[PDB]
Structure formats: C-alpha cells, structure tokens
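Q: You'll find run_0.cif just under this line, and it carries mmCIF, C-alpha atoms and all ligand atoms.
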data_my_file
#
loop_
_atom_site.label_atom_id
_atom_site.label_comp_id
_atom_site.auth_asym_id
_atom_site.auth_seq_id
_atom_site.Cartn_x
_atom_site.Cartn_y
_atom_site.Cartn_z
CA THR A 1 -29.13 1.41 -15.40
CA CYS A 2 -25.43 2.25 -15.36
CA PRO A 3 -23.91 2.76 -18.77
CA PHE A 4 -20.76 0.84 -19.77
CA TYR A 5 -18.57 3.95 -20.13
CA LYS A 6 -18.93 4.46 -16.30
CA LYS A 7 -17.61 1.01 -15.38
CA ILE A 8 -13.87 0.06 -15.09
CA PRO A 9 -13.40 -3.57 -16.33
CA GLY A 10 -11.56 -6.05 -14.12
CA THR A 11 -12.45 -4.11 -11.03
CA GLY A 12 -15.28 -3.49 -8.60
CA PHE A 13 -15.14 0.21 -9.56
CA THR A 14 -17.42 2.81 -11.08
CA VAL A 15 -16.74 6.50 -11.98
CA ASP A 16 -19.30 9.31 -11.49
CA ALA A 17 -22.13 6.71 -11.10
CA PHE A 18 -24.33 7.77 -8.14
CA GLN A 19 -27.77 8.06 -9.87
CA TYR A 20 -28.41 4.33 -10.68
CA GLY A 21 -29.01 2.97 -7.12
CA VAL A 22 -26.82 0.11 -5.84
CA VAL A 23 -24.77 -0.83 -8.87
CA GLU A 24 -24.35 -4.62 -9.08
CA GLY A 25 -20.78 -5.61 -8.19
CA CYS A 26 -19.54 -2.14 -7.20
CA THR A 27 -17.21 -2.17 -4.16
CA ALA A 28 -15.95 1.45 -4.51
CA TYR A 29 -17.56 4.56 -6.20
CA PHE A 30 -15.13 7.17 -7.49
CA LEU A 31 -16.14 10.84 -7.89
CA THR A 32 -13.92 12.93 -10.27
CA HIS A 33 -15.29 16.37 -9.18
CA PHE A 34 -18.10 18.26 -7.53
CA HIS A 35 -20.40 19.14 -10.52
CA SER A 36 -24.08 18.13 -10.35
CA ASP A 37 -24.31 15.93 -13.53
CA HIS A 38 -21.44 13.88 -11.95
CA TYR A 39 -22.53 13.69 -8.26
CA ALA A 40 -26.31 13.32 -9.08
CA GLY A 41 -27.59 10.82 -6.58
CA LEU A 42 -25.30 11.43 -3.56
CA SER A 43 -26.82 12.57 -0.22
CA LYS A 44 -26.43 11.97 3.62
CA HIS A 45 -28.03 8.46 3.28
CA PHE A 46 -25.28 7.08 1.05
CA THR A 47 -23.54 4.10 2.73
CA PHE A 48 -20.82 2.95 0.24
CA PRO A 49 -17.13 4.05 0.16
CA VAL A 50 -16.59 7.22 -1.99
CA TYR A 51 -13.11 7.83 -3.31
CA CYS A 52 -12.14 11.43 -4.29
CA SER A 53 -9.80 14.36 -3.74
CA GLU A 54 -9.54 16.22 -0.38
CA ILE A 55 -11.41 19.20 -1.86
CA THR A 56 -14.25 17.10 -3.27
CA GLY A 57 -14.41 15.37 0.18
CA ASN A 58 -14.84 18.81 1.92
CA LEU A 59 -17.80 19.57 -0.37
CA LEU A 60 -19.46 16.12 0.07
CA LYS A 61 -19.24 16.54 3.94
CA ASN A 62 -20.36 20.25 4.12
CA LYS A 63 -22.73 20.70 1.18
CA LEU A 64 -24.30 17.29 0.70
CA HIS A 65 -23.84 16.00 4.37
CA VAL A 66 -22.40 12.71 3.35
CA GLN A 67 -21.12 11.10 6.57
CA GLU A 68 -17.46 11.16 7.20
CA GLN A 69 -17.05 7.40 7.66
CA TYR A 70 -17.89 6.90 3.90
CA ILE A 71 -15.58 9.67 2.50
CA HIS A 72 -12.19 8.47 1.42
CA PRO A 73 -9.97 11.37 0.28
CA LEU A 74 -6.66 10.57 -1.53
CA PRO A 75 -3.66 12.81 -2.04
CA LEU A 76 -2.68 13.70 -5.59
CA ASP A 77 0.36 12.29 -7.44
CA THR A 78 0.61 9.38 -5.02
CA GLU A 79 0.37 5.62 -5.62
CA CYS A 80 -2.50 4.28 -3.41
CA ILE A 81 -4.03 0.76 -3.06
CA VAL A 82 -7.90 0.59 -3.18
CA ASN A 83 -9.56 -2.82 -2.69
CA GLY A 84 -6.47 -4.52 -4.02
CA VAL A 85 -5.84 -2.25 -7.05
CA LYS A 86 -3.16 0.52 -7.48
CA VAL A 87 -4.61 3.94 -8.38
CA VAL A 88 -3.27 7.49 -8.76
CA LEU A 89 -5.21 10.81 -8.82
CA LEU A 90 -3.89 13.56 -11.10
CA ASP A 91 -4.94 17.21 -11.37
CA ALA A 92 -7.48 17.56 -14.23
CA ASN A 93 -7.07 21.40 -14.80
CA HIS A 94 -10.95 21.64 -14.51
CA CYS A 95 -12.65 23.13 -11.34
CA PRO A 96 -11.17 23.00 -7.80
CA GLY A 97 -10.64 19.43 -6.58
CA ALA A 98 -11.16 17.91 -10.07
CA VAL A 99 -9.06 14.80 -10.86
CA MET A 100 -8.19 12.25 -13.52
CA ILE A 101 -7.78 8.64 -12.27
CA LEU A 102 -5.08 6.13 -13.40
CA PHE A 103 -6.00 2.47 -12.70
CA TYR A 104 -3.35 -0.29 -12.80
CA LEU A 105 -5.40 -3.49 -13.44
CA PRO A 106 -4.22 -6.77 -11.97
CA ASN A 107 -3.89 -8.28 -15.47
CA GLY A 108 -1.33 -5.51 -16.57
CA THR A 109 -3.75 -3.18 -18.41
CA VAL A 110 -3.46 0.53 -17.54
CA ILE A 111 -6.60 2.79 -17.84
CA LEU A 112 -6.80 6.65 -17.64
CA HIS A 113 -10.20 8.21 -16.92
CA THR A 114 -9.91 11.96 -17.52
CA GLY A 115 -13.10 12.96 -15.69
CA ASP A 116 -13.80 16.49 -16.98
CA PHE A 117 -10.45 18.13 -18.00
CA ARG A 118 -8.76 20.94 -19.90
CA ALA A 119 -5.71 19.26 -21.53
CA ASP A 120 -2.39 20.98 -21.07
CA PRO A 121 1.22 20.29 -22.13
CA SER A 122 2.16 20.23 -18.42
CA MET A 123 0.33 16.88 -18.18
CA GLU A 124 3.03 15.32 -20.46
CA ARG A 125 5.38 15.67 -17.36
CA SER A 126 3.16 14.16 -14.73
CA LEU A 127 3.22 10.47 -13.68
CA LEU A 128 1.59 9.77 -17.08
CA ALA A 129 5.03 10.02 -18.73
CA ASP A 130 6.25 6.84 -16.88
CA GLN A 131 4.22 3.99 -18.47
CA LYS A 132 1.99 2.99 -21.35
CA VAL A 133 -1.79 3.61 -21.19
CA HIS A 134 -3.94 1.08 -23.06
CA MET A 135 -7.43 2.53 -22.59
CA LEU A 136 -8.53 6.25 -22.32
CA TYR A 137 -12.05 7.29 -21.01
CA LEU A 138 -12.00 10.81 -22.55
CA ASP A 139 -13.85 14.11 -21.91
CA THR A 140 -15.02 14.78 -25.47
CA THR A 141 -17.18 17.91 -24.66
CA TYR A 142 -15.58 20.05 -27.47
CA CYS A 143 -14.39 17.30 -29.83
CA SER A 144 -14.96 19.16 -33.15
CA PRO A 145 -12.64 21.59 -34.92
CA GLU A 146 -14.98 24.55 -34.70
CA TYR A 147 -14.29 24.70 -30.99
CA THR A 148 -11.54 27.21 -30.60
CA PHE A 149 -11.22 29.54 -27.66
CA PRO A 150 -8.38 31.61 -26.10
CA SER A 151 -6.13 30.73 -23.17
CA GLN A 152 -7.52 31.31 -19.67
CA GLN A 153 -4.69 33.93 -19.17
CA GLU A 154 -5.81 35.99 -22.31
CA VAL A 155 -9.44 35.91 -21.10
CA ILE A 156 -8.52 37.07 -17.56
CA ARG A 157 -6.36 39.89 -19.02
CA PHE A 158 -9.39 41.10 -21.00
CA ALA A 159 -11.69 40.96 -17.96
CA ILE A 160 -9.22 42.79 -15.56
CA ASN A 161 -8.50 45.59 -18.18
CA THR A 162 -12.28 46.06 -18.94
CA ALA A 163 -13.27 46.24 -15.27
CA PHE A 164 -10.42 48.57 -14.15
CA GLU A 165 -11.13 50.97 -17.08
CA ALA A 166 -14.91 51.16 -16.33
CA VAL A 167 -14.62 51.67 -12.58
CA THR A 168 -11.78 54.27 -12.93
CA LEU A 169 -13.97 56.26 -15.39
CA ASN A 170 -16.99 55.88 -13.04
CA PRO A 171 -16.28 55.12 -9.35
CA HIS A 172 -20.01 54.61 -8.89
CA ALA A 173 -20.10 51.57 -11.24
CA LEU A 174 -20.68 48.10 -9.69
CA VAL A 175 -19.18 44.93 -11.18
CA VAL A 176 -21.31 41.76 -11.10
CA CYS A 177 -20.16 38.23 -12.04
CA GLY A 178 -22.46 35.21 -12.54
CA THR A 179 -21.90 31.65 -11.15
CA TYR A 180 -23.95 28.39 -10.73
CA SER A 181 -21.36 25.84 -9.78
CA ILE A 182 -17.77 25.72 -8.58
CA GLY A 183 -15.08 26.57 -11.20
CA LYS A 184 -13.94 29.77 -12.92
CA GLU A 185 -13.23 31.47 -9.55
CA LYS A 186 -10.20 33.28 -11.25
CA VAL A 187 -12.74 35.53 -13.13
CA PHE A 188 -14.17 37.25 -10.02
CA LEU A 189 -11.01 36.97 -7.88
CA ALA A 190 -8.80 38.67 -10.55
CA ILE A 191 -11.28 41.51 -11.02
CA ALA A 192 -11.68 42.12 -7.22
CA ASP A 193 -7.85 42.15 -6.83
CA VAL A 194 -7.35 44.92 -9.48
CA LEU A 195 -10.11 46.98 -7.80
CA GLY A 196 -8.84 46.63 -4.21
CA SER A 197 -12.07 44.99 -3.09
CA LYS A 198 -13.29 41.71 -1.55
CA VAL A 199 -15.93 39.78 -3.45
CA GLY A 200 -19.40 39.91 -1.94
CA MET A 201 -21.79 36.92 -2.15
CA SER A 202 -24.53 34.92 -0.43
CA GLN A 203 -23.97 32.84 2.67
CA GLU A 204 -24.55 29.61 0.61
CA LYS A 205 -21.87 30.58 -1.94
CA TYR A 206 -19.41 31.76 0.72
CA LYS A 207 -19.77 28.34 2.47
CA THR A 208 -18.98 26.58 -0.85
CA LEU A 209 -15.84 28.66 -1.47
CA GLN A 210 -14.62 28.02 2.14
CA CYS A 211 -14.36 24.23 1.21
CA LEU A 212 -11.83 24.86 -1.64
CA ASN A 213 -8.31 25.24 -0.01
CA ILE A 214 -7.70 28.47 -1.84
CA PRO A 215 -4.74 30.32 -0.18
CA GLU A 216 -5.50 33.51 1.72
CA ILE A 217 -9.30 33.19 0.90
CA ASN A 218 -10.45 34.96 4.10
CA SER A 219 -8.68 38.03 2.61
CA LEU A 220 -10.56 37.82 -0.76
CA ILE A 221 -14.26 37.10 -0.11
CA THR A 222 -17.13 38.30 2.21
CA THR A 223 -20.86 38.07 2.98
CA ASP A 224 -21.04 41.85 3.59
CA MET A 225 -22.26 43.14 0.28
CA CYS A 226 -22.22 46.77 1.43
CA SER A 227 -18.44 46.74 1.80
CA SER A 228 -17.73 45.12 -1.62
CA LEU A 229 -17.84 46.54 -5.20
CA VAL A 230 -17.65 43.12 -6.96
CA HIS A 231 -20.84 41.07 -6.34
CA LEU A 232 -21.50 37.44 -7.27
CA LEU A 233 -25.01 36.46 -8.31
CA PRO A 234 -26.66 33.35 -9.69
CA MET A 235 -26.10 32.98 -13.46
CA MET A 236 -29.87 33.16 -14.00
CA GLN A 237 -29.96 36.73 -12.67
CA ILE A 238 -27.35 37.93 -15.31
CA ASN A 239 -29.86 39.65 -17.62
CA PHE A 240 -31.22 43.23 -17.82
CA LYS A 241 -34.24 42.59 -15.53
CA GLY A 242 -32.24 40.77 -12.85
CA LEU A 243 -29.51 43.39 -12.88
CA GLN A 244 -31.91 46.44 -12.70
CA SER A 245 -33.49 44.74 -9.67
CA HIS A 246 -30.11 44.19 -8.02
CA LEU A 247 -29.10 47.88 -8.57
CA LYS A 248 -32.31 48.99 -6.79
CA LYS A 249 -31.24 46.89 -3.81
CA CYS A 250 -27.94 48.76 -3.46
CA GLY A 251 -29.66 51.92 -2.15
CA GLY A 252 -28.25 54.57 -4.53
CA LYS A 253 -24.58 53.65 -3.83
CA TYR A 254 -24.26 52.82 -7.55
CA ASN A 255 -25.51 54.20 -10.88
CA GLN A 256 -24.07 51.69 -13.42
CA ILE A 257 -23.50 47.87 -13.67
CA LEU A 258 -20.80 46.13 -15.66
CA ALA A 259 -21.56 42.32 -15.61
CA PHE A 260 -19.69 39.22 -16.76
CA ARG A 261 -21.13 35.80 -17.87
CA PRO A 262 -18.23 33.27 -18.17
CA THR A 263 -19.81 30.96 -20.76
CA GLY A 264 -17.94 27.93 -22.25
CA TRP A 265 -17.95 28.19 -26.09
CA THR A 266 -20.34 30.50 -28.01
CA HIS A 267 -20.33 30.77 -31.98
CA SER A 268 -19.12 34.38 -31.72
CA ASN A 269 -15.75 32.36 -31.30
CA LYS A 270 -15.70 31.24 -35.00
CA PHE A 271 -15.28 34.85 -36.25
CA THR A 272 -14.36 37.23 -33.44
CA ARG A 273 -11.05 37.60 -31.49
CA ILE A 274 -11.01 38.21 -27.65
CA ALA A 275 -9.70 41.74 -28.30
CA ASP A 276 -12.81 42.46 -30.36
CA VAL A 277 -15.53 41.25 -27.83
CA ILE A 278 -18.30 43.78 -27.15
CA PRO A 279 -21.10 43.79 -24.63
CA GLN A 280 -24.90 43.88 -24.80
CA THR A 281 -26.06 47.22 -23.37
CA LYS A 282 -29.35 48.65 -22.12
CA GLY A 283 -29.16 52.02 -20.51
CA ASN A 284 -26.69 52.00 -17.60
CA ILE A 285 -26.28 48.10 -17.73
CA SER A 286 -23.64 46.32 -19.92
CA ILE A 287 -23.21 42.47 -20.06
CA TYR A 288 -20.07 40.76 -21.40
CA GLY A 289 -20.09 37.05 -22.38
CA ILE A 290 -16.47 35.92 -22.03
CA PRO A 291 -15.19 32.51 -23.32
CA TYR A 292 -13.52 31.17 -20.17
CA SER A 293 -13.34 27.39 -20.65
CA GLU A 294 -12.54 24.62 -18.18
CA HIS A 295 -12.67 21.97 -20.92
CA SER A 296 -10.14 21.15 -23.68
CA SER A 297 -10.32 22.94 -27.01
CA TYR A 298 -10.32 20.57 -30.02
CA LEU A 299 -6.55 21.31 -30.66
CA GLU A 300 -5.64 20.82 -26.92
CA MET A 301 -7.53 17.47 -26.88
CA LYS A 302 -5.87 16.32 -30.13
CA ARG A 303 -2.33 17.15 -28.81
CA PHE A 304 -2.93 15.20 -25.59
CA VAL A 305 -4.32 12.10 -27.31
CA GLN A 306 -1.54 12.09 -30.05
CA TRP A 307 1.07 12.33 -27.20
CA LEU A 308 -0.57 9.58 -25.04
CA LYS A 309 -1.12 7.14 -27.95
CA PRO A 310 -3.84 5.01 -26.35
CA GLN A 311 -4.88 1.67 -27.87
CA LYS A 312 -8.60 2.32 -27.35
CA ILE A 313 -10.67 5.56 -26.68
CA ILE A 314 -14.02 5.54 -24.84
CA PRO A 315 -15.83 8.91 -25.04
CA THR A 316 -17.73 10.06 -21.93
CA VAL A 317 -19.46 13.18 -23.48
CA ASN A 318 -21.81 13.55 -26.53
CA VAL A 319 -22.48 9.78 -26.51
CA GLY A 320 -26.24 10.06 -26.92
CA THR A 321 -26.54 10.37 -30.71
CA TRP A 322 -25.33 8.21 -33.58
CA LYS A 323 -24.18 11.31 -35.47
CA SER A 324 -22.05 12.51 -32.56
CA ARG A 325 -20.55 9.09 -31.93
CA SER A 326 -19.67 8.71 -35.66
CA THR A 327 -18.10 12.22 -35.83
CA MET A 328 -15.90 11.57 -32.80
CA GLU A 329 -14.77 8.10 -34.14
CA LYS A 330 -13.70 9.76 -37.42
CA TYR A 331 -11.47 12.30 -35.63
CA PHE A 332 -9.93 9.52 -33.47
CA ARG A 333 -8.91 7.68 -36.65
CA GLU A 334 -7.55 10.78 -38.32
CA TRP A 335 -5.39 11.44 -35.25
CA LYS A 336 -4.09 7.90 -35.15
CA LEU A 337 -3.20 7.85 -38.90
CA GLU A 338 -1.50 11.28 -38.75
CA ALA A 339 0.70 10.37 -35.73
CA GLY A 340 1.36 6.67 -36.66
CA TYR A 341 0.20 4.71 -33.61
NI NI B 1 -17.55 19.38 -14.88
#
Reformat the file's structure so that it appears as structure tokens.

A:
Amino acid sequence: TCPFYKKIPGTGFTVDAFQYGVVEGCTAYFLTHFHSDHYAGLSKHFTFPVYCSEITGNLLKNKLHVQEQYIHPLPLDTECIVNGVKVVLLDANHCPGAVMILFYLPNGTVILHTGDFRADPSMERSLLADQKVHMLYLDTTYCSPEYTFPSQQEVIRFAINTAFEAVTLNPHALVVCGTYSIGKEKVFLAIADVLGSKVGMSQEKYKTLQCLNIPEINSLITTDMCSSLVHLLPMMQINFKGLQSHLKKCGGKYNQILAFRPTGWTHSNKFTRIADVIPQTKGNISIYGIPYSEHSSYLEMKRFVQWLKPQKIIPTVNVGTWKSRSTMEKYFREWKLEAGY
C-alpha cells in the first residue's frame, strides 16, 4: 500500500506512486522523472492521467508504450490548473526531464515536492522566490555531513583532461563509459567532443537518448560503433572481464581501454581530492570511478532548506530505518535553530 510521503493532502494527487495498483481517491498521478524506482508499475495498460514534463512524456510513450491519451505533459515555469488545483513544474537539476512540483492547495497551504534534485543557488531565483512554502517533501539521499563531492564542472574537467591525455599518447586507446539509466550524459558527451568523435552505443540506448531534447544530438551520437572511439556500455560490463571481452570484439583496432564509472558518492571522497583520483589497472585496462552526482551534497541541501524556511519537512529517501529517520530529524532541527525560523 501507498506510503503517506507519496500522497499530497487536500488533493486527489499522488507523486511517483505507480507500483501500488489503483490508489484509493487518486484522480491524477504525477511522475517527477524517468528513473525505475520512481516509474515502477507503469506500462501500456495504464489508464489514469499521468502528469509530467515533455521529456518524461517522450520516454513514457516510446520506451514504456503508455498510450498518448493518458500522457499529460506540462511546460516548465508555468502556472497550470490540474483537476481544480494550481501547480507549477520547476527544473530539478537531476536527469533530463526531472522536475520539482509546487502545489497551491485550495485552503492556502503551499507544498514543494523536490522529486530527486541537486540543490543549486540558481533555484533561489525561480518562481520559488515569490511566496511562502509551508511543507517540503525533500530528497534526503545524502543527508549526512560526510557526503561531500565536487561540482559537476570540476568532475567533467578531470574526465576531459584524462581522456585527451591518454588518447593523444596512444591513438589506439578506446574510451568506454558505463550507464544504466538516463542522467550524467555530460560525462560521455564532453569526452567525445574533446576527441572529435561521436559516441557509439546500442540501438536501445540510442532510442532513449533520442527522447531527450538535447540540442544538435544527431551530431553527437551513433549506432555505428566502428566509426566511434567513445563507446557506451551497460554499467555491469565496466569491470576487467567485461572490458577484455569488449576489446576482443573491436577486431584489433585498439590495444588499450580507458573506462569511466560515474558513481554517486564513494568513501574515497572523505580523504581524497578530485585532482588526486587514480584508477584501478590490470594490464592494458584502466578504470576510473568519478564522483559525478545528480543529488544534493549535504551542504547544498542545507543551504536550500535554510533559504526556503519550510514549516514542516517530509523526507522521501532513507525513510526505512529508525536510525536514519532520527539522524535526519536531528539535522533538520540544527538547521532551524542556526537560521532562526
Ligand atoms: Ni532519480
């Protein structure tokens, strides 16, 4: 049954709640983004209205075959009326098509549901600046002070410089990048751009990227692996056995692999700087784990919440254990006493 933190009081609405059957009283099902733990349950047999971004709507139609008559895409940064209630979708700085949702309840309460997000100071100048928010349904994935990681720009600078150095020393080196969901496309696109190559990938992954409204995409990606020297593979193949096997498939065109795994956080973060990251190597294969996050760091999350000053916080991540729930509640109170709301 549907947990409370997925239901929006005073409405017929749920958020990211497609795996519980027909939810009692739900007139509209919102989907924040196209990641499997959030869309789990959707398919071509779904017959209720789905509210989402244009990009998420492209993926529901093409990848899951949801019928068009049930897909309701909304433009961003625009006041819209859904079943009698004003809503706005805001960019969540997560994966492509990911949104936060502002609900303006008939009784005067305002609720922000962040979906999955990476907080940024630019959000302080969106439509959030313009009224009070009473209740915040918060992506708490990294809500603990140990979770530090660099900016996305520092991480991409590292990746581009590493790849261009390796391939210029050895023009017969192949670069491979792992993936298992949408998001983090900057990693492989930035590396292919510095090398003067398109990115090569499977038909299934190419289809997925063609749903994303990325400018000039036909110029950046391809299904012809033979023409490309940056390949995308499933994340599960980014290990020495999977990579040796891939190199065999390339018919002696290459003699070395440099591979990237864009992880979220890994405890190498608590000691080591981005400058200092080193790979795991076996023979002519090197694998770099790089800390490219699409969720808030602890400090980014804290700045957002202290700026927004909500009256009540509802976590949506790490809610399964009493120890986690107690830890998060303690940081919420610290933040509130430090800032004075
Ligand atoms: Ni996500």

Q: Which chains and residue numbers are within 8 Å of ligand NI 1 (chain B), counting all atoms listed in the file, if I want them as a PyMOL selection string?

A: chain A and resi 33-35+37-38+94-95+115-117+294

Q: Neighbouring residues of residue 63 of chain A were defined as those with any atom within 10 Å, considering all atoms listed in the file; residues of the same chain fewer than 3 positions away were excluded. Please report them as number ranges by chain.

A: A: 43-44, 57-60, 66, 204, 207-208, 211

Q: Do you know which residues lie at most 6 Å from (-14.2, 44.1, -5.3), with coordinates as in the file and only C-alpha atoms counted, and could you write them as a compact mmCIF listing (two decimals) with C-alpha atoms, in the frame of the given file?

A:
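Wrote it out as selection-v5.txt, contents follow:
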# COMPACT_ATOMS: atom_id res chain seq x y z
CA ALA A 192 -11.68 42.12 -7.22
CA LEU A 195 -10.11 46.98 -7.80
CA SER A 197 -12.07 44.99 -3.09
CA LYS A 198 -13.29 41.71 -1.55
CA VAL A 199 -15.93 39.78 -3.45
CA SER A 228 -17.73 45.12 -1.62
CA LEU A 229 -17.84 46.54 -5.20
CA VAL A 230 -17.65 43.12 -6.96

Q: Kindly indicate which residue among A:303, A:310, A:90, A:21 lies nearest to residue 126 of chain A, using only C-alpha atoms for the distances.

A: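 Closest to residue 126 of chain A of all the choices is A:90.
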
Q: For a quick check of understanding, using all atoms listed in the file, which of A:257, A:317, A:214, A:119 has the smallest distance to residue 166 of chain A?

A: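 Among the listed residues, the smallest separation from residue 166 of chain A belongs to A:257.
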
Q: What separation in Å, quoted to one decimal, exists between atom CA of residue 114 of chain A and atom CA of residue 330 of chain A?

A: 20.4 Å

Q: Neighbours of residue 278 of chain A within 10 Å (all atoms listed in the file; same-chain residues fewer than 4 positions away dropped), as a list in words?

A: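 Skipping anything fewer than 4 positions along the chain leaves residues 272, 274, 286, 287, 288, 289 and 290 of chain A.
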
Q: Output, as AutoDock Vina command-line options, the centre and edge lengths in Å (one decimal) of the axis-aligned box that contains all listed atoms of segment 240-259 of chain A with 6 Å of margin on each side.

A:
--center_x -27.5 --center_y 47.7 --center_z -10.0 --size_x 25.4 --size_y 25.8 --size_z 27.7

Q: Take atom CA of residue 82 of chain A and atom CA of residue 47 of chain A and report the distance between them in Å, one decimal.

A: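 It comes out at 17.1 Å.
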